[PDB]
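Enquirer: Got protein-v3.csv for you, CSV, C-alpha atoms and all ligand atoms:
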chain,number,residue,atom,x,y,z
A,1,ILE,CA,0.0,0.0,0.0
A,2,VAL,CA,1.4,3.4,-1.1
A,3,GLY,CA,0.1,6.5,0.7
A,4,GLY,CA,-1.9,4.6,3.2
A,5,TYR,CA,-1.8,4.3,7.0
A,6,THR,CA,-1.1,1.8,9.7
A,7,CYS,CA,-4.3,-0.2,10.1
A,8,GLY,CA,-3.8,-1.2,13.7
A,9,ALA,CA,-3.4,-4.7,15.1
A,10,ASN,CA,-6.2,-7.0,14.0
A,11,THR,CA,-8.5,-4.2,12.9
A,12,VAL,CA,-8.9,-6.0,9.6
A,13,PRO,CA,-9.8,-9.4,11.0
A,14,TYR,CA,-10.5,-11.1,7.7
A,15,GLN,CA,-7.1,-10.2,6.2
A,16,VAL,CA,-4.8,-13.1,5.8
A,17,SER,CA,-1.2,-13.5,4.7
A,18,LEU,CA,-0.3,-16.3,2.3
A,19,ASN,CA,3.1,-17.7,3.4
A,20,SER,CA,5.4,-20.1,1.6
A,21,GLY,CA,8.4,-19.4,3.9
A,22,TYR,CA,7.7,-15.6,3.5
A,23,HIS,CA,4.6,-13.5,2.8
A,24,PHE,CA,3.9,-13.3,-0.9
A,25,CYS,CA,0.2,-12.4,-1.2
A,26,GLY,CA,-2.9,-11.4,0.7
A,27,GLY,CA,-6.3,-13.0,0.9
A,28,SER,CA,-9.6,-12.7,2.7
A,29,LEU,CA,-11.2,-15.2,5.1
A,30,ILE,CA,-14.8,-15.8,3.9
A,31,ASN,CA,-15.7,-18.6,6.3
A,32,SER,CA,-13.8,-20.7,8.9
A,33,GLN,CA,-12.3,-23.0,6.3
A,34,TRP,CA,-12.0,-20.9,3.1
A,35,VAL,CA,-9.9,-18.0,1.9
A,36,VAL,CA,-10.4,-16.0,-1.4
A,37,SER,CA,-7.3,-14.6,-3.1
A,38,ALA,CA,-6.0,-13.8,-6.6
A,39,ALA,CA,-5.5,-16.6,-9.1
A,40,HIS,CA,-2.1,-15.1,-9.9
A,41,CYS,CA,-1.2,-15.8,-6.3
A,42,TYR,CA,-1.5,-19.6,-6.9
A,43,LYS,CA,1.2,-21.8,-5.6
A,44,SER,CA,1.5,-25.3,-4.0
A,45,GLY,CA,2.1,-26.1,-0.4
A,46,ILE,CA,1.4,-22.7,1.3
A,47,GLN,CA,0.4,-21.8,4.8
A,48,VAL,CA,-2.4,-19.4,5.5
A,49,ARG,CA,-1.6,-17.0,8.4
A,50,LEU,CA,-4.5,-15.5,10.2
A,51,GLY,CA,-4.6,-12.9,13.0
A,52,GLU,CA,-1.5,-11.2,11.7
A,53,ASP,CA,-0.4,-7.7,12.3
A,54,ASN,CA,3.4,-7.7,12.3
A,55,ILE,CA,4.2,-10.6,9.9
A,56,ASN,CA,7.8,-10.9,11.3
A,57,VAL,CA,6.9,-11.0,15.0
A,58,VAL,CA,4.8,-13.5,17.0
A,59,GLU,CA,2.3,-11.2,18.8
A,60,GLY,CA,-0.2,-13.7,20.2
A,61,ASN,CA,-3.2,-13.7,17.9
A,62,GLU,CA,-1.8,-15.7,15.0
A,63,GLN,CA,-3.4,-18.8,13.6
A,64,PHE,CA,-1.2,-20.7,11.1
A,65,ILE,CA,-3.1,-23.3,9.0
A,66,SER,CA,-1.8,-25.1,5.9
A,67,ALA,CA,-3.9,-25.1,2.7
A,68,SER,CA,-5.5,-28.4,1.8
A,69,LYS,CA,-6.6,-27.4,-1.7
A,70,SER,CA,-6.3,-24.5,-4.1
A,71,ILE,CA,-9.0,-23.9,-6.8
A,72,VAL,CA,-8.1,-21.3,-9.5
A,73,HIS,CA,-11.2,-20.0,-11.3
A,74,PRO,CA,-11.9,-22.2,-14.3
A,75,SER,CA,-11.6,-19.3,-16.7
A,76,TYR,CA,-8.5,-17.6,-15.3
A,77,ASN,CA,-6.3,-16.2,-18.0
A,78,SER,CA,-2.9,-15.2,-16.6
A,79,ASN,CA,-2.0,-13.2,-19.7
A,80,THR,CA,-5.0,-10.8,-19.4
A,81,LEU,CA,-5.7,-11.5,-15.6
A,82,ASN,CA,-9.3,-12.0,-16.6
A,83,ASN,CA,-11.0,-13.9,-13.7
A,84,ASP,CA,-8.1,-13.3,-11.3
A,85,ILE,CA,-9.7,-15.1,-8.4
A,86,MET,CA,-8.9,-18.3,-6.5
A,87,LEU,CA,-10.2,-20.2,-3.5
A,88,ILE,CA,-8.1,-21.8,-0.8
A,89,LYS,CA,-9.4,-24.4,1.6
A,90,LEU,CA,-7.7,-24.7,5.0
A,91,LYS,CA,-6.7,-28.1,6.5
A,92,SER,CA,-8.5,-27.2,9.7
A,93,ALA,CA,-11.1,-24.6,10.6
A,94,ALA,CA,-9.9,-21.3,11.9
A,95,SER,CA,-11.2,-20.3,15.4
A,96,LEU,CA,-13.3,-17.2,14.9
A,97,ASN,CA,-13.4,-14.2,17.4
A,98,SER,CA,-13.2,-10.4,17.1
A,99,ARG,CA,-9.6,-10.5,15.8
A,100,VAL,CA,-10.1,-13.3,13.3
A,101,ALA,CA,-13.3,-13.1,11.4
A,102,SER,CA,-14.8,-13.8,8.0
A,103,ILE,CA,-15.9,-11.1,5.6
A,104,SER,CA,-19.3,-11.2,4.0
A,105,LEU,CA,-19.7,-11.8,0.3
A,106,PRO,CA,-21.6,-9.1,-1.6
A,107,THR,CA,-25.3,-9.3,-2.5
A,108,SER,CA,-24.8,-6.6,-5.1
A,109,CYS,CA,-21.9,-4.8,-7.0
A,110,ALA,CA,-20.7,-1.6,-5.4
A,111,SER,CA,-20.9,1.5,-7.5
A,112,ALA,CA,-18.3,4.0,-8.5
A,113,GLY,CA,-17.8,6.6,-5.8
A,114,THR,CA,-18.3,4.1,-3.0
A,115,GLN,CA,-15.4,4.4,-0.5
A,116,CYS,CA,-13.7,1.1,0.3
A,117,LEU,CA,-10.9,-0.2,2.6
A,118,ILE,CA,-7.9,-1.8,0.9
A,119,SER,CA,-5.2,-3.5,2.9
A,120,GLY,CA,-2.0,-5.5,2.7
A,121,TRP,CA,1.6,-5.9,3.5
A,122,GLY,CA,2.8,-4.8,0.0
A,123,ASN,CA,5.3,-2.2,-1.1
A,124,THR,CA,4.8,1.3,0.4
A,125,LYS,CA,6.9,3.2,-2.2
A,126,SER,CA,5.9,4.1,-5.8
A,127,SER,CA,9.6,4.7,-6.9
A,128,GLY,CA,11.6,2.4,-4.7
A,129,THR,CA,10.9,-0.6,-2.5
A,130,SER,CA,10.1,-0.7,1.2
A,131,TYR,CA,8.0,-3.5,2.6
A,132,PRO,CA,6.2,-2.9,5.9
A,133,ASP,CA,6.0,-5.4,8.7
A,134,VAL,CA,2.6,-4.3,10.0
A,135,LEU,CA,-0.6,-4.2,8.0
A,136,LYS,CA,-1.2,-1.1,6.0
A,137,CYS,CA,-4.6,0.4,5.0
A,138,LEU,CA,-6.0,2.7,2.3
A,139,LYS,CA,-9.5,4.2,2.1
A,140,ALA,CA,-10.2,4.8,-1.6
A,141,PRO,CA,-13.2,5.1,-4.0
A,142,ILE,CA,-14.3,2.9,-6.8
A,143,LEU,CA,-13.7,4.7,-10.0
A,144,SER,CA,-16.1,4.8,-13.0
A,145,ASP,CA,-15.8,2.1,-15.6
A,146,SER,CA,-15.3,4.8,-18.2
A,147,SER,CA,-12.3,6.3,-16.4
A,148,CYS,CA,-11.0,2.8,-15.8
A,149,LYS,CA,-11.2,1.9,-19.5
A,150,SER,CA,-9.7,5.2,-20.5
A,151,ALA,CA,-6.8,4.7,-18.2
A,152,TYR,CA,-6.2,1.1,-19.4
A,153,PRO,CA,-7.4,0.9,-23.0
A,154,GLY,CA,-7.9,-2.7,-24.3
A,155,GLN,CA,-7.3,-4.3,-20.8
A,156,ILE,CA,-10.4,-3.8,-18.5
A,157,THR,CA,-12.9,-6.7,-18.7
A,158,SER,CA,-16.3,-6.8,-17.1
A,159,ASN,CA,-14.7,-8.9,-14.3
A,160,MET,CA,-12.5,-5.9,-13.3
A,161,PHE,CA,-13.0,-2.5,-11.6
A,162,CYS,CA,-10.7,0.4,-10.8
A,163,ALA,CA,-10.3,2.0,-7.5
A,164,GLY,CA,-8.1,4.7,-6.1
A,165,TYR,CA,-7.1,8.2,-7.3
A,166,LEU,CA,-6.4,9.2,-10.9
A,167,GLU,CA,-4.0,11.8,-9.6
A,168,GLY,CA,-1.8,9.0,-8.2
A,169,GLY,CA,-0.1,9.0,-4.8
A,170,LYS,CA,-2.3,6.4,-3.1
A,171,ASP,CA,-2.7,2.9,-4.4
A,172,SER,CA,-2.1,-0.7,-3.6
A,173,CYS,CA,1.1,-2.3,-4.9
A,174,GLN,CA,3.2,-5.4,-5.2
A,175,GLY,CA,2.7,-7.7,-2.2
A,176,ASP,CA,-0.9,-6.6,-1.7
A,177,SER,CA,-2.1,-8.9,-4.5
A,178,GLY,CA,-4.9,-11.3,-3.5
A,179,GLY,CA,-6.0,-9.0,-0.6
A,180,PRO,CA,-9.3,-7.4,0.1
A,181,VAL,CA,-11.2,-4.4,-1.1
A,182,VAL,CA,-14.1,-4.0,1.4
A,183,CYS,CA,-17.0,-1.6,0.8
A,184,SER,CA,-20.1,-1.2,3.1
A,185,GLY,CA,-19.0,-4.2,5.0
A,186,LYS,CA,-18.8,-6.6,2.0
A,187,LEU,CA,-15.9,-8.0,0.0
A,188,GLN,CA,-16.1,-6.2,-3.4
A,189,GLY,CA,-12.7,-6.6,-4.8
A,190,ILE,CA,-9.4,-8.5,-4.8
A,191,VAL,CA,-6.1,-6.7,-5.4
A,192,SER,CA,-5.2,-7.8,-8.9
A,193,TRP,CA,-3.0,-5.6,-10.9
A,194,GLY,CA,-2.0,-2.1,-12.2
A,195,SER,CA,0.8,-0.3,-14.1
A,196,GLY,CA,3.4,0.6,-11.5
A,197,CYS,CA,1.9,1.9,-8.2
A,198,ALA,CA,0.3,5.2,-7.4
A,199,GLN,CA,1.1,6.6,-10.8
A,200,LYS,CA,-1.0,9.3,-12.4
A,201,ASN,CA,-3.9,7.9,-14.5
A,202,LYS,CA,-2.9,4.3,-13.6
A,203,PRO,CA,-5.2,3.4,-10.7
A,204,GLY,CA,-5.5,0.0,-9.1
A,205,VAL,CA,-7.4,-2.7,-11.0
A,206,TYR,CA,-9.4,-5.2,-8.9
A,207,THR,CA,-11.2,-8.5,-9.4
A,208,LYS,CA,-15.0,-7.8,-9.4
A,209,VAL,CA,-16.0,-10.2,-6.6
A,210,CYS,CA,-19.8,-9.7,-7.1
A,211,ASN,CA,-19.5,-11.6,-10.4
A,212,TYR,CA,-18.2,-14.7,-8.6
A,213,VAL,CA,-20.6,-15.2,-5.7
A,214,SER,CA,-22.4,-18.0,-7.4
A,215,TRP,CA,-19.2,-19.8,-8.2
A,216,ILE,CA,-17.7,-19.2,-4.7
A,217,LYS,CA,-20.8,-20.5,-3.0
A,218,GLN,CA,-21.3,-23.5,-5.3
A,219,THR,CA,-17.6,-24.4,-5.0
A,220,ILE,CA,-17.6,-24.1,-1.2
A,221,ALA,CA,-20.7,-26.3,-1.1
A,222,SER,CA,-19.0,-29.2,-3.0
A,223,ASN,CA,-15.4,-29.1,-1.7
B,301,CA,CA,2.8,-11.9,13.7
Would you mind writing the structure in this file as structure tokens?
Ligand SMILES: [Ca+2]

Expert:
Amino acid sequence: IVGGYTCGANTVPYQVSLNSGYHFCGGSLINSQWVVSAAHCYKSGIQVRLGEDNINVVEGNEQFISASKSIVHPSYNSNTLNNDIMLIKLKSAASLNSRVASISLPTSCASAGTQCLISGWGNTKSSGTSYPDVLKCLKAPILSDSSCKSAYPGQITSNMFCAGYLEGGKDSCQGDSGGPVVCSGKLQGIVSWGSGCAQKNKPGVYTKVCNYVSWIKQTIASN
């Protein structure tokens, strides 16, 4: 997250870190046994880390649970990042309390202009590299589909939306991928891609979760 703020320990209780010896992506807990992330975060043999604030220090609310199964969306295209969504099942159920909690799936798609909370452990610099240890947060609006497509001609599908600031300065970034965009208390987006970070007229691009609720629910119901 570039231009954000320190969230506070366990203030984003559905935020998880995907760990394969090191943090490499975010994700969102959507029930006690399932995490939703980006398909471009796929890799074998990872551990899901819940209850994290400082990802390099054991602070006493962590739950570490290995993944039993990954399911990349059946139509994921890594060249275009169309359908950049994946489900991760945990080997055991997380224990849910105020500091570890699931985030509700949307019942409708959030409109441009809705303010949302974006969070992750990704890069905090737009020209340079500095990775934070504690979770960072950004409050940012969904941008119109027209400004999204004008910023990224030929690249925005109906499974994507833009959020952030066309003037730059505030954005998600590398290492935030797979993490949440939460609006009015529901999971509306997944940190997916963008050109650089916090650049002018290159806002963040997010997987449009509301398109995938039927697939998520049916998948969870059979796996
Ligand atoms: Ca920790």

Enquirer: Rounded to one decimal place, report the CA of residue 50 in chain A-CA of residue 29 in chain A distance in Å.

Expert: 8.4 Å

Enquirer: Counting all atoms listed in the file, which residues sit no farther than 10 Å from the position (-3.5, 9.9, 2.2) in the file's frame? I'd like them as a VMD selection string.

Expert: chain A and resid 2 to 5 137 to 140 169 to 171

Enquirer: Selected residues, C-alpha atoms, written as a tab-separated table (two decimals), in the coordinates of the input, please.

Expert:
chain	number	residue	atom	x	y	z
A	2	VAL	CA	1.40	3.40	-1.10
A	3	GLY	CA	0.10	6.50	0.70
A	4	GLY	CA	-1.90	4.60	3.20
A	5	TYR	CA	-1.80	4.30	7.00
A	137	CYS	CA	-4.60	0.40	5.00
A	138	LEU	CA	-6.00	2.70	2.30
A	139	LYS	CA	-9.50	4.20	2.10
A	140	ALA	CA	-10.20	4.80	-1.60
A	169	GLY	CA	-0.10	9.00	-4.80
A	170	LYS	CA	-2.30	6.40	-3.10
A	171	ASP	CA	-2.70	2.90	-4.40

Enquirer: Dump the neighbourhood of ligand CA 301 (chain B) as a list in words: all residues within 7 Å, distances computed on all atoms listed in the file.

Expert: residues 52, 53, 54, 55, 56, 57, 58, 59 and 62 of chain A

Enquirer: Can you work out which one of A:201, A:11, A:172, A:219 has the shortest atom-to-atom distance to residue 124 in chain A, counting only C-alpha atoms?

Expert: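 That would be A:172, the residue with the smallest distance to residue 124 in chain A.
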
Enquirer: With all atoms listed in the file as the counted atoms, please give the residues lying no more than 10 Å from residue 213 in chain A, apart from itself and same-chain residues fewer than 6 positions off, as a count of residues only.

Expert: 5

Enquirer: Write out as a list in words each polymer residue whose atoms come within 10 Å of range 154-156 of chain A, counting all atoms listed in the file; drop sequence neighbours fewer than 2 positions from it.

Expert: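 Counting only the stated atoms, we get residues 80, 81, 82, 145, 146, 148, 149, 150, 151, 152, 158, 159, 160, 161, 162, 205 and 206 of chain A.
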
Enquirer: Residue 40 in chain A: which residues within 9 Å, counting only C-alpha atoms, same-chain residues fewer than 4 positions away excluded, as a PyMOL selection string?

Expert: chain A and resi 72+76+78+81+84-86+177-178+192

Enquirer: In Å, rounded to a single decimal, give me how far CA of residue 17 in chain A is from CA of residue 122 in chain A.

Expert: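 Distance between the two atoms: 10.7 Å.
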
Enquirer: Quick check, in Å to one decimal: how far apart do CA of residue 134 in chain A and CA of residue 181 in chain A lie?

Expert: 17.7 Å

Enquirer: So, counting only C-alpha atoms, which residue among A:196, A:60, A:185, A:8 is closest to residue 120 in chain A?

Expert: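 Smallest distance to residue 120 in chain A is found for A:8.
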
Enquirer: Measuring atom to atom with all atoms listed in the file, identify which of A:115, A:19, A:63, A:174 is nearest to residue 129 in chain A.

Expert: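 Closest to residue 129 in chain A, using all atoms listed in the file: A:174.
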
Enquirer: For the point (-13.6, -16.3, 0.2) in the file's frame, write as a short mmCIF file (atom, residue, chain, number, x, y, z; two decimals) with C-alpha atoms, in the frame of the given file all residues with an atom no more than 10 Å away, counting all atoms listed in the file.

Expert:
data_model
loop_
_atom_site.label_atom_id
_atom_site.label_comp_id
_atom_site.auth_asym_id
_atom_site.auth_seq_id
_atom_site.Cartn_x
_atom_site.Cartn_y
_atom_site.Cartn_z
CA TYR A 14 -10.50 -11.10 7.70
CA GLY A 27 -6.30 -13.00 0.90
CA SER A 28 -9.60 -12.70 2.70
CA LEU A 29 -11.20 -15.20 5.10
CA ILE A 30 -14.80 -15.80 3.90
CA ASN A 31 -15.70 -18.60 6.30
CA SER A 32 -13.80 -20.70 8.90
CA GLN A 33 -12.30 -23.00 6.30
CA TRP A 34 -12.00 -20.90 3.10
CA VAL A 35 -9.90 -18.00 1.90
CA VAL A 36 -10.40 -16.00 -1.40
CA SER A 37 -7.30 -14.60 -3.10
CA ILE A 85 -9.70 -15.10 -8.40
CA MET A 86 -8.90 -18.30 -6.50
CA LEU A 87 -10.20 -20.20 -3.50
CA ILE A 88 -8.10 -21.80 -0.80
CA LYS A 89 -9.40 -24.40 1.60
CA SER A 102 -14.80 -13.80 8.00
CA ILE A 103 -15.90 -11.10 5.60
CA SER A 104 -19.30 -11.20 4.00
CA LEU A 105 -19.70 -11.80 0.30
CA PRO A 180 -9.30 -7.40 0.10
CA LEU A 187 -15.90 -8.00 0.00
CA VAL A 209 -16.00 -10.20 -6.60
CA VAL A 213 -20.60 -15.20 -5.70
CA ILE A 216 -17.70 -19.20 -4.70
CA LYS A 217 -20.80 -20.50 -3.00
CA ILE A 220 -17.60 -24.10 -1.20
#

Enquirer: Return the single residue from A:26, A:21, A:99, A:69 that is closest to residue 44 in chain A, with distances computed using all atoms listed in the file.

Expert: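 Of all the options, A:69 lies closest to residue 44 in chain A.
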
Enquirer: Hey, which of A:199, A:123, A:157, A:214 ends up closest to residue 77 in chain A? Count only C-alpha atoms.

Expert: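 Closest candidate: A:157.
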
Enquirer: Tell me which protein, DNA and RNA residues are within 8 Å of residue 110 in chain A, counting all atoms listed in the file, leaving out same-chain ones fewer than 5 positions away, and put them as a VMD selection string.

Expert: chain A and resid 142 183 188

Enquirer: Compare A:51, A:164, A:184, A:176 by their minimum atom-to-atom distance to residue 204 in chain A, counting all atoms listed in the file, and give me the closest one.

Expert: A:164

Enquirer: Got a moment to write range 52-118 of chain A out with C-alpha atoms, as a PDB file, in the first residue's frame?

Expert:
ATOM      1  CA  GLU A  52      -1.471 -11.241  11.749  1.00  0.00           C
ATOM      2  CA  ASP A  53      -0.359  -7.690  12.336  1.00  0.00           C
ATOM      3  CA  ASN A  54       3.442  -7.704  12.291  1.00  0.00           C
ATOM      4  CA  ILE A  55       4.186 -10.609   9.937  1.00  0.00           C
ATOM      5  CA  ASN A  56       7.751 -10.911  11.272  1.00  0.00           C
ATOM      6  CA  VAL A  57       6.927 -11.013  15.028  1.00  0.00           C
ATOM      7  CA  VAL A  58       4.764 -13.460  16.990  1.00  0.00           C
ATOM      8  CA  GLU A  59       2.322 -11.177  18.803  1.00  0.00           C
ATOM      9  CA  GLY A  60      -0.155 -13.696  20.204  1.00  0.00           C
ATOM     10  CA  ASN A  61      -3.228 -13.738  17.935  1.00  0.00           C
ATOM     11  CA  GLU A  62      -1.796 -15.721  15.014  1.00  0.00           C
ATOM     12  CA  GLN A  63      -3.403 -18.835  13.576  1.00  0.00           C
ATOM     13  CA  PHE A  64      -1.187 -20.707  11.095  1.00  0.00           C
ATOM     14  CA  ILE A  65      -3.078 -23.302   9.016  1.00  0.00           C
ATOM     15  CA  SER A  66      -1.775 -25.088   5.917  1.00  0.00           C
ATOM     16  CA  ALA A  67      -3.852 -25.118   2.729  1.00  0.00           C
ATOM     17  CA  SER A  68      -5.452 -28.413   1.775  1.00  0.00           C
ATOM     18  CA  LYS A  69      -6.618 -27.371  -1.685  1.00  0.00           C
ATOM     19  CA  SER A  70      -6.328 -24.496  -4.126  1.00  0.00           C
ATOM     20  CA  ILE A  71      -8.976 -23.860  -6.800  1.00  0.00           C
ATOM     21  CA  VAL A  72      -8.118 -21.335  -9.496  1.00  0.00           C
ATOM     22  CA  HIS A  73     -11.152 -19.988 -11.294  1.00  0.00           C
ATOM     23  CA  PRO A  74     -11.946 -22.230 -14.299  1.00  0.00           C
ATOM     24  CA  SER A  75     -11.644 -19.290 -16.712  1.00  0.00           C
ATOM     25  CA  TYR A  76      -8.537 -17.622 -15.252  1.00  0.00           C
ATOM     26  CA  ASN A  77      -6.317 -16.192 -17.994  1.00  0.00           C
ATOM     27  CA  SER A  78      -2.911 -15.180 -16.628  1.00  0.00           C
ATOM     28  CA  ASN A  79      -1.999 -13.179 -19.744  1.00  0.00           C
ATOM     29  CA  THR A  80      -4.978 -10.805 -19.355  1.00  0.00           C
ATOM     30  CA  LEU A  81      -5.651 -11.463 -15.645  1.00  0.00           C
ATOM     31  CA  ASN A  82      -9.317 -11.980 -16.561  1.00  0.00           C
ATOM     32  CA  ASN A  83     -10.990 -13.870 -13.677  1.00  0.00           C
ATOM     33  CA  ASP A  84      -8.070 -13.297 -11.281  1.00  0.00           C
ATOM     34  CA  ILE A  85      -9.688 -15.131  -8.369  1.00  0.00           C
ATOM     35  CA  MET A  86      -8.859 -18.314  -6.474  1.00  0.00           C
ATOM     36  CA  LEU A  87     -10.241 -20.204  -3.479  1.00  0.00           C
ATOM     37  CA  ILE A  88      -8.070 -21.793  -0.810  1.00  0.00           C
ATOM     38  CA  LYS A  89      -9.384 -24.405   1.624  1.00  0.00           C
ATOM     39  CA  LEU A  90      -7.724 -24.730   5.038  1.00  0.00           C
ATOM     40  CA  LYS A  91      -6.672 -28.095   6.481  1.00  0.00           C
ATOM     41  CA  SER A  92      -8.485 -27.207   9.717  1.00  0.00           C
ATOM     42  CA  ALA A  93     -11.071 -24.594  10.616  1.00  0.00           C
ATOM     43  CA  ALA A  94      -9.902 -21.259  11.948  1.00  0.00           C
ATOM     44  CA  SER A  95     -11.179 -20.257  15.381  1.00  0.00           C
ATOM     45  CA  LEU A  96     -13.337 -17.155  14.876  1.00  0.00           C
ATOM     46  CA  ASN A  97     -13.352 -14.231  17.415  1.00  0.00           C
ATOM     47  CA  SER A  98     -13.163 -10.425  17.092  1.00  0.00           C
ATOM     48  CA  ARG A  99      -9.569 -10.471  15.812  1.00  0.00           C
ATOM     49  CA  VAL A 100     -10.058 -13.346  13.315  1.00  0.00           C
ATOM     50  CA  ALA A 101     -13.348 -13.091  11.410  1.00  0.00           C
ATOM     51  CA  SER A 102     -14.773 -13.820   8.001  1.00  0.00           C
ATOM     52  CA  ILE A 103     -15.871 -11.052   5.606  1.00  0.00           C
ATOM     53  CA  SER A 104     -19.324 -11.246   4.040  1.00  0.00           C
ATOM     54  CA  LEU A 105     -19.672 -11.780   0.306  1.00  0.00           C
ATOM     55  CA  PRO A 106     -21.618  -9.061  -1.562  1.00  0.00           C
ATOM     56  CA  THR A 107     -25.269  -9.285  -2.482  1.00  0.00           C
ATOM     57  CA  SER A 108     -24.782  -6.619  -5.149  1.00  0.00           C
ATOM     58  CA  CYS A 109     -21.943  -4.834  -6.956  1.00  0.00           C
ATOM     59  CA  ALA A 110     -20.704  -1.594  -5.422  1.00  0.00           C
ATOM     60  CA  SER A 111     -20.944   1.545  -7.510  1.00  0.00           C
ATOM     61  CA  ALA A 112     -18.254   3.965  -8.542  1.00  0.00           C
ATOM     62  CA  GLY A 113     -17.846   6.577  -5.834  1.00  0.00           C
ATOM     63  CA  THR A 114     -18.279   4.088  -2.995  1.00  0.00           C
ATOM     64  CA  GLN A 115     -15.425   4.407  -0.505  1.00  0.00           C
ATOM     65  CA  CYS A 116     -13.664   1.135   0.286  1.00  0.00           C
ATOM     66  CA  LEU A 117     -10.944  -0.204   2.587  1.00  0.00           C
ATOM     67  CA  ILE A 118      -7.929  -1.783   0.864  1.00  0.00           C
TER      68      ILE A 118
END
